[PDB]
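The data below hold one chain only, encoded as structure tokens and taken in the form deposited in one PDB entry.
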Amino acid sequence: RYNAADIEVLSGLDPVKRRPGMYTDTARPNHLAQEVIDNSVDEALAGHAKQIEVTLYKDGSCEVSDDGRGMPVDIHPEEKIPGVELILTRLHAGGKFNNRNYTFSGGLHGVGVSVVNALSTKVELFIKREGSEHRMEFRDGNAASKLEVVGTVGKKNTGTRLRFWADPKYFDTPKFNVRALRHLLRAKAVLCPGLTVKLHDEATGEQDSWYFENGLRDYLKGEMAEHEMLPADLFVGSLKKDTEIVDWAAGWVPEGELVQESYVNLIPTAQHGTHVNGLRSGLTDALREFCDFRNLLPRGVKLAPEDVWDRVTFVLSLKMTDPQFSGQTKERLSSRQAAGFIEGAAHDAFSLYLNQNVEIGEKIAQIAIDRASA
């Protein structure tokens, strides 16, 4: 029949092994690498790392090296294991449930690295802290070694280096999408100024290396260099509040295909969420108030946000303490705070731009008016 005994409890990393679809993208191990990139970028965003180096080995493994603080090797006071063993083997264990150890961290669930380990036949990592370099190895998510000291290092030579071999049984294909991972990694250098990011595909000999201090405008200009945007130089804005920061570059294109990237604590949000909603409302408000204060609007036509957005190319990078994502892969942002904050920020900053740059704003407005009439 049906009793309490028929209720089974998955513990440790087993929930990830039995249903990985809810913890990662099972199409490719790219998002597993992303999880490791993110923890390195989070160290970078906290002013502790200045270099992320990603290597795609010919044996299918991927490795991420940062010069951040290194994940703790110390013994957990109420968990009996060294921190790294705890981090790699337990769900909902992480340093980012507060805003003490990381301010604007991409990681929030304490699940990321553990998913990598749970879905990797092998994980080998080297941590450098307190003058000593350590090594720990895992197999099929289980601890495969002890906390080894492999060498001595300079006191301030710190960092985490993690290399994982994705188990092909959990994925439609074990092959990495290099173009996507290349694009992803460069944007991390654009969005975290001062961070040097390198990628090395040992299968093709590719090397790439990025460093940008103030490059959001030039980043989006470069991604649509073939197309004619207006303003030709890409309206950019910003707003800081030490709990929320927003940066964006936006343009309107009469012809061609649209770059539309959005980010939350440097994590890409493919289905965009609420922060993109605020940018649309704010830009729309500033544009329907510019069409009316100047009577650019034929009569009978009213601008819907859809008309504003149909031909926009934007790059939105929001940073906030405690975002709210809909899943571990973090594809849309559902924080309701974000919609208003960006709408206001963009509404003020675009209104000033238009009343300062009247002829350009008209040419913007005509693109929206042409979409609404249609």
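Start at 1 with the first residue shown and count on from there.
Novice: Taking only the CA atoms, which stretch has the higher mean B-factor in the record, 160 to 168 or 220 to 228?
Specialist: On average, C-alpha B-factors are higher across 220 to 228.
Novice: So 36 to 44 or 66 to 74, which one's hotter by mean CA B-factor in the entry?
Specialist: The recorded data point to 66 to 74.
Novice: Which of these has the highest Cα B-factor in the record: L184, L287, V84, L199?
Specialist: Going by the entry's C-alpha B-factors, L287 comes out highest.
Novice: Quick one: which of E261, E137, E206, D247 shows the highest Cα temperature factor in the PDB entry?
Specialist: Among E261, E137, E206, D247, the highest C-alpha B-factor in the entry belongs to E206.
Novice: Grab the CA temperature factor for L266 from the record and place it in the lowest, middle or highest third of its chain.
Specialist: Within its chain, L266 is a lowest-third residue by C-alpha B-factor, going by the deposited values.
Novice: Among the modelled residues of this chain, does the Cα B factor of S334 put it in the lowest, middle or highest third?
Specialist: Ranked within chain, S334 CA B lands in the middle tercile.
Novice: Ranked by Cα temperature factor within the chain, is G151 in the lowest third, the middle third or the highest third?
Specialist: According to the entry, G151 has a C-alpha B-factor in the chain's highest third.
Novice: Report the third (lowest, middle or highest) to which the CA temperature factor of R179 belongs, ranking only the modelled residues of the same chain.
Specialist: Lowest third of the chain for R179's C-alpha B-factor.
Novice: Among the modelled residues of this chain, does the Cα B factor of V115 put it in the lowest, middle or highest third?
Specialist: Lowest third, going by the recorded CA B-factors of the chain.
Heads up, the form deposited in another entry isn't pictured, but that's what we're talking about next.
Novice: Among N214, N295, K58, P77, which is positioned at a hinge, defined as the point where C-alphas switch from fitting one rigid part better to fitting the other better between this form and the one not shown?
Specialist: Between the two rigid parts, the hinge is at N214.
Novice: Compared with this form, is the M22-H275 Cα separation smaller or larger in the other entry, the difference being 3 Å or more?
Specialist: Compared with the form shown here, the C-alpha atoms of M22 and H275 sit farther apart in the other entry, by 3 Å or more.
Novice: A270 to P29, Cα distance in the other entry relative to here: closer or farther, by 3 Å or more?
Specialist: It is farther: in the other entry, the C-alpha atoms of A270 and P29 lie at least 3 Å more apart than they do here.
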